[PDB]
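# An overview of the molecular structure
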Amino acid sequence: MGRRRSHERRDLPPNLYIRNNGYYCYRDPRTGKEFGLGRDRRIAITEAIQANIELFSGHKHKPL
DNA sequence: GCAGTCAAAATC
DNA sequence: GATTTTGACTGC
């Protein structure tokens, strides 16, 4: 794709990126657009991580 | 200089 | 069309 991995995304969860103004944002998988989360790193990241838990509700596939 | 959203490019 | 992460843009 255009951007696979970045330095800021190294500390961010999936569906969450940081802008140039130090503001984080959550991208929706329905359209790819997003909204401002928070200017804190552990805050915006923690928020996107929770949503990822629900988004990951489906994963168990007969693991061993 | 913050606050909040959509486009850019490249892939499958 | 989907995705994935960064860039640009507007308003005060």
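Residues numbered from 1 in each chain as written, not as in the entry; some residues may be left out. Chains lettered and ligands numbered in written order. Heavy atoms only, no water.

Determination of this PDB entry was carried out by solution NMR, according to the record.

In this section: the side chain of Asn52. Relative to the elements of secondary structure, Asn52 occurs in helix α1 (residues 41-55). The buried category is assigned to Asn52, whose relative accessible area is 4%. Among the polar contacts listed, one links the side chain of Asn52 to the backbone oxygen of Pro14, at a separation of 3.0 Å. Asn52 has contacts with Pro13, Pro14 and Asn15, leaving out every residue within four places of it along the chain. (Helix = DSSP H or I, 4+ residues; strand = E, 2+ residues; numbered from the N terminus. Buried < 20%, exposed > 50% of the residue type's maximum accessible area, 1.4 Å probe, protein only. Polar contact = N/O pair within 3.5 Å; in protein donor to acceptor, adjacent residues only side chain to side chain. Contact = heavy atoms within 4.5 Å.)

The local shell around DNA strand B consists of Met1, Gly2, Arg19, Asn21, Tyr23, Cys25, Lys33, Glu34, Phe35, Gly36 and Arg39. Counting only atoms of DNA strand B within 4 Å of the protein, the sugar-phosphate share comes to 70%. In the environment of DNA strand B, a base nitrogen lies 3.2 Å from a nitrogen or oxygen atom belonging to the side chain of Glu34. With respect to DNA strand B, the backbone of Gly36 contributes an N or O atom lying 3.1 Å from a phosphate oxygen. With 3 residues, strand β3 (residues 34-36) is the largest single contributor of residues to the surface near DNA strand B. Partitioning the surface near DNA strand B into residue classes produces 4 nonpolar, 3 polar and 4 charged. (Near = heavy atom within 4 Å. Nonpolar A, V, L, I, M, F, W, Y, C, P; charged D, E, K, R; others polar.)

Within the structure, DNA strand C sits among 13 residues, and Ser6, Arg19, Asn20, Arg27 and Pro29 are positioned closest to it. One of the side-chain nitrogen or oxygen atoms of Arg3 is found 3.4 Å away from a base oxygen of DNA strand C. One of the side-chain nitrogen or oxygen atoms of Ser6 is found 2.8 Å away from a phosphate oxygen of DNA strand C.

For the structure shown, the criterion picks out 2 salt bridges. Across the salt bridge formed by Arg41 and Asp11, the nearest N and O atoms sit 3.6 Å from each other. Linking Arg41 in helix α1 with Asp11 in the segment before β1 (16-18), this pair joins segments that are 30 residues apart in sequence. With relative accessibility at 48%, the residue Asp11 sits in the partly exposed group. For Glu34, the salt bridge identified is with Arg19, shortest N-O distance 3.9 Å. A residue pair is termed long-range when its members are at least 10 positions apart, and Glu34 in strand β3 and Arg19 in the loop between β1 and β2 (24-27) qualify at 15 residues. (Salt bridge = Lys/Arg side-chain N within 4 Å of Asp/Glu carboxyl O.)

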